[PDB]
Amino acid sequence: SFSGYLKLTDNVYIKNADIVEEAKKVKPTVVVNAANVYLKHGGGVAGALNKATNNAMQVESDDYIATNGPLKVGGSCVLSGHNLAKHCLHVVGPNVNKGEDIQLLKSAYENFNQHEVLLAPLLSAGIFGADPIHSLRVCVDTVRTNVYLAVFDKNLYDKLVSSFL
Ligand SMILES: CNc1ncccn1
C-alpha cells in the first residue's frame with residue numbers, strides 16, 4: 001500500500017511523487033485523473049497517465065465521450081485504471097486558464113467522497129492554473145475519504161507542507 005506520505009489531517013496524506021510512478025507501484029483501487037470535459041488527455045497529469053497506458057486511456061475515453069457527451073466542470077466519471085489502477089476517476093476541476101469558476105473546485109473534490117481511498121493529484125493545479133495552496137485547502141475541507149495526494153514538483157510540495165494550516 002501507500003508509503004512515505006506525510007499525514008496532513010485524519011484522512012488527507014501528501015507525498016512528493018510522480019503520480020504515474022506512484023500508481024505503477026501501488027496499483028491503487030482508484031487513481032484520479034486531472035481531466036477536462038472532453039477527456040482529451042493531452043498534457044499535465046492527464047497526458048502523463050494516458051501515456052503510461054500506451055494511449056489505452058484515450059481510446060477508452062473517446063468511446064465514453066462518443067456515447068455520453070462531455071462531462072460537466074466539477075463532474076467526474078469512473079473508467080478503467082488500465083495498468084495503473086483498478087479504476088481511474090476522471091475528475092474535471094475548473095481550468096482558471098479557460099476562465100472557469102474556481103468555486104467549482106469544491107464540487108470537483110466532492111467526487112472523491114464516492115471512493116473510500118484514492119491516489120490523486122491536486123485538482124485545478126498545474127496547467128489548470130489555480131493556486132495549489134488553495135486546492136489543498138479545498139481538498140482537506142471537502143474530501144472525507146482517504147486521499148493520498150501526489151505532488152510532482154518538490155519545490156511546490158515543500159511550499160504546500162510548510163504553509164499548511
Ligand atoms: C506527471 N505526474 C504528476 N504530475 C502532477 C502531480 C503528480 N504527479
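The figures that follow rest on heavy atoms only: side chains count, while hydrogens, waters and symmetry mates do not. Residues: numbered from 1 along the sequence shown.
Taking hydrophobic clusters as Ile, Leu, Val, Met, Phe, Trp and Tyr residues chained together by side-chain heavy-atom distances below 4.5 Å, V30 does not share a cluster with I19. If you chain together hydrophobic residues whose side chains sit under 4.5 Å apart, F2 and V151 never meet in one group. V96 and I133 fall within the same hydrophobic cluster, defined by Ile, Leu, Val, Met, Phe, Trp and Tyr side-chain heavy atoms under 4.5 Å apart, directly or through other members. Residues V91 and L105 fall within the same hydrophobic cluster, defined by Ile, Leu, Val, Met, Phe, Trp and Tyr side chains chained together at heavy-atom separations under 4.5 Å. With hydrophobic clusters built from ILVMFWY side chains whose heavy atoms lie under 4.5 angstrom apart, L160 shares a cluster with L8.
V59 forms part of no hydrophobic cluster, judged by ILVMFWY side-chain heavy-atom separations under 4.5 Å.
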Show every donor-acceptor pair shorter than 3.5 Å between a side-chain atom in residues 142-149 and any protein atom, with sequence neighbours excluded, or say none if there are none.
| from | atom 1 | to | atom 2 | distance (Å) |
| --- | --- | --- | --- | --- |
| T142 | OG1 | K106 | NZ | 2.8 |
| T142 | OG1 | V138 | O | 2.7 |
| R144 | NH1 | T142 | O | 3.4 |
| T145 | OG1 | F112 | O | 2.9 |
| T145 | OG1 | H115 | O | 3.0 |

Side-chain donor-acceptor pairs of residues 66-78 under 3.5 Å, sequence neighbours excluded:
| from | atom 1 | to | atom 2 | distance (Å) |
| --- | --- | --- | --- | --- |
| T67 | OG1 | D63 | O | 3.3 |
| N68 | ND2 | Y64 | O | 3.0 |
| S76 | OG | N111 | OD1 | 2.9 |

Only pairs under 3.5 Å count here: list side-chain donor-acceptor contacts from residues 33-49, not counting sequence neighbours, and write none if there are none.
| from | atom 1 | to | atom 2 | distance (Å) |
| --- | --- | --- | --- | --- |
| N33 | OD1 | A46 | N | 3.4 |
| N33 | ND2 | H41 | ND1 | 3.2 |
| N33 | ND2 | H90 | ND1 | 3.0 |
| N36 | OD1 | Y38 | N | 3.2 |
| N36 | OD1 | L39 | N | 3.1 |
| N36 | OD1 | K40 | N | 2.9 |
| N36 | ND2 | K40 | O | 2.8 |
| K40 | NZ | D62 | OD1 | 2.7 |
| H41 | NE2 | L39 | O | 3.3 |
| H41 | NE2 | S61 | OG | 2.8 |

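Residues forming a side chain to side chain contact (heavy atoms under 4.5 Å, CB included) with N54 (at least two apart in sequence, or on another chain): none. Looking at residues two or more places apart in sequence or on another chain, you find a side chain to side chain contact (heavy atoms under 4.5 Å, CB included) between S80 and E60, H82. Partners of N95 under the side chain to side chain contact (heavy atoms under 4.5 Å, CB included) rule, at least two apart in sequence or in another chain, are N97, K98, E100, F128.
With hydrogens and angles disregarded, no donor-acceptor distance shorter than 3.5 Å links the side chain of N83 to the backbone of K24. Between the side chain of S124 and the backbone N or O of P94 there is at least one donor-acceptor pair closer than 3.5 Å.
Legend: side-chain hydrogen bond (donor to acceptor under 3.5 Å, both in side chains) pairs involving residues 42-53, not counting sequence neighbours, sorted by first then second residue: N50-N55. Listed by first then second residue, pairs satisfying salt bridge (charged side-chain N to carboxylate O under 4.0 Å, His left out) with a partner in residues 151-165 read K154-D158, not counting sequence neighbours. Annotation: salt bridge (charged side-chain N to carboxylate O under 4.0 Å, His left out) contacts involving residues 123-132, sequence neighbours excluded, are absent. Listed by first then second residue, pairs satisfying salt bridge (charged side-chain N to carboxylate O under 4.0 Å, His left out) with a partner in residues 4-18 read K15-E22, not counting sequence neighbours. Pairs passing the salt bridge (charged side-chain N to carboxylate O under 4.0 Å, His left out) check and including a residue from residues 113-124, sequence neighbours excluded, do not occur.
Contact of the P121 side chain with the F152 side chain is not registered, since no non-hydrogen atoms from C-beta on lie closer than 4.5 Å. Side-chain contact check for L89 versus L118: some heavy-atom pair is nearer than 4.5 Å. Between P28 and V117 the shortest side-chain heavy-atom distance does not fall below 4.5 Å. Between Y109 and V32, every side-chain heavy-atom pair lies at or beyond the 4.5 Å cut-off. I14 has its side chain within reach of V161: a pair of non-hydrogen atoms, C-beta onward, lies under 4.5 Å apart. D141 has its side chain within reach of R137: a pair of non-hydrogen atoms, C-beta onward, lies under 4.5 Å apart. Residues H87 and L79 have side chains not in contact (no heavy-atom distance under 4.5 Å, counting atoms from C-beta outward).
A17 approaches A150 most closely through the heavy-atom pair O-CB, 3.8 Å.
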